[PDB]
Amino acid sequence: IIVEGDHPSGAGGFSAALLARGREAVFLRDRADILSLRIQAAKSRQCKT
Amino acid sequence: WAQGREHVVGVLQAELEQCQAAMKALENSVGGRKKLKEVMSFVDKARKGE
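Residues numbered from 1 in each chain as written, not as in the entry; some residues may be left out. Chains lettered and ligands numbered in written order. Part of a larger assembly, values for the part shown. Heavy atoms only, no water.

What the entry reports as its method is cryo-EM, with 14.7 Å given for the resolution.

Engineer: Help me understand the overall build of chain B in this model?
Structural biologist: Looking only at helices and strands, chain B features 2 helices and 0 strands. Taking 2.2 N^0.38 as the reference for a compact globule, 50 residues should give roughly 10 Å; the C-alpha atoms of chain B span a radius of gyration of 16 Å, well beyond that estimate. C-alpha extents for chain B along the principal axes are approximately 45 × 30 × 10 Å. Here chain B displays about 4,700 Å² of accessible surface, and carbon together with sulfur accounts for 58% of that area. In chain B, the 9 positive side-chain charges and the 7 negative ones have mean positions that sit 6 Å from each other. (Helix = DSSP H or I, 4+ residues; strand = E, 2+ residues; numbered from the N terminus. Rg over C-alpha atoms; globule rule 2.2 N^0.38 Å. Areas by Shrake-Rupley, 256 points an atom, 1.4 Å probe, with all protein chains shown as cover. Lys, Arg positive; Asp, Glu negative; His and termini not counted. Charge placed at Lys NZ, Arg CZ, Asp CG, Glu CD.)

Engineer: Quick question: what am I supposed to make of the overall build of chain A here?
Structural biologist: Summing up its helical and strand segments, chain A has 1 helix and 0 strands in all. Buried positions account for 2% of the 49 residues belonging to chain A. Carbon and sulfur atoms form 58% of the exposed surface of chain A, whose accessible area is close to 4,700 Å². Distance from the positive charge centre (8 side chains) to the negative charge centre (5 side chains) of chain A: 18 Å. (Buried < 20%, exposed > 50% of the residue type's maximum accessible area, 1.4 Å probe, protein only.)

Engineer: Where do I start with unusual backbone geometry in this structure?
Structural biologist: One can expect most non-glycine residues to show negative phi and most peptide bonds to be in trans. Of note in this structure, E4 of chain A is not a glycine but carries a positive phi near 75°. When you line up the elements, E4 of chain A lands in the segment before α1 (16-42).

Engineer: Just to check I follow, could you spell out the side chain of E27 of chain B for this structure?
Structural biologist: Residue and element names in this part refer to chain B. With respect to the helices and strands, the residue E27 is situated in helix α1 (residues 2-30). On the basis of relative accessibility, which here comes to 6%, the residue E27 falls in the buried class. Among the polar contacts listed, one links the side chain of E27 to the side chain of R33, at a separation of 2.9 Å. With near-sequence residues (within four places) excluded, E27 lies in contact with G32, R33 and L36. (Polar contact = N/O pair within 3.5 Å; in protein donor to acceptor, adjacent residues only side chain to side chain. Contact = heavy atoms within 4.5 Å.)

Engineer: Teacher, can you tell me more about the packing of aromatic side chains here?
Structural biologist: How two aromatic rings sit relative to each other is set out by the distance from centre to centre and by the angle between their planes. For the structure shown, the criterion picks out 0 aromatic pairs over all chains. Geometry around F14 of chain A places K35 of chain B over its ring, the cationic atom sitting 3.0 Å from the centre. (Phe/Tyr/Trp six-rings, centres within 6.5 Å; stacked < 30°, edge-to-face > 60°. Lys NZ or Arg CZ within 6 Å of the ring centre and 35° of its normal.)

Engineer: Where do I start with the packing of α1 of chain B against helix α2 (residues 33-47) of chain B in this structure?
Structural biologist: Two numbers describe a pair of packed helices, the interaxial angle and the distance between the axes. Residue and element names in this part refer to chain B. The interhelical angle for the contact between α1 and α2, taken along N-to-C directions, is 100°, at an axis separation of 8 Å. In this view, α1 runs roughly perpendicular relative to α2, as classed from their interaxial angle. Between α1 and α2, the residues in contact are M23, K24, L26, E27 and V30 and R33, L36 and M40, respectively. Looking at side-chain class alone, the contact of α1 with α2 contains 5 nonpolar, no polar and 3 charged residues. (Axes fitted to C-alpha atoms, helices over the stretch in contact; angles between N-to-C directions. Parallel < 35°, antiparallel > 145°, perpendicular 65-115°, else oblique. Nonpolar A, V, L, I, M, F, W, Y, C, P; charged D, E, K, R; others polar.)

Engineer: Teacher, can you tell me more about a nonpolar patch on the surface here?
Structural biologist: All names here are of chain B. Among the surface-exposed residues, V8, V11 and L12 lie close enough to one another that they form a single nonpolar patch of about 250 Å² accessible area. As for its position among the elements, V11 is in helix α1. Overall, the relative accessible area of 39% leaves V11 in the partly exposed class. (Patch = residues over 30% accessible without salt bridge, like charges linked within 9 Å, V, L, I, M, F, W, Y side chains within 5 Å. Salt bridge = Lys/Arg side-chain N within 4 Å of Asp/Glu carboxyl O.)

Shown next, in the form of structure tokens:
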């Protein structure tokens with residue numbers, strides 16, 4: 001989907017503060033995944049050496 | 001009276017149908033039917049004592 005706004009007010013039914021809250025939410029999601037993936041890397045056999 | 005009785009049903013129901021459509025129409029505008037039902041849940045709650 002495309003929105004075309006620098007500052008979207010209501011897109012897909014969401015208020016201007018609601019878009020901010022979801023953005024932050026995706027930042028937290030990608031942060032969490034990267035952290036899990038690094039924990040798995042720390043328990044990897046290749047970090048043993 | 002019988003004639004008015006027969007007509008009121010078809011008229012009144014046609015008014016109801018345009019009413020439900022306008023509701024759907026508000027649904028699409030707000031976004032999801034699920035979201036609008038949420039805000040409806042918040043308003044009903046605030047209207048009750050909940």
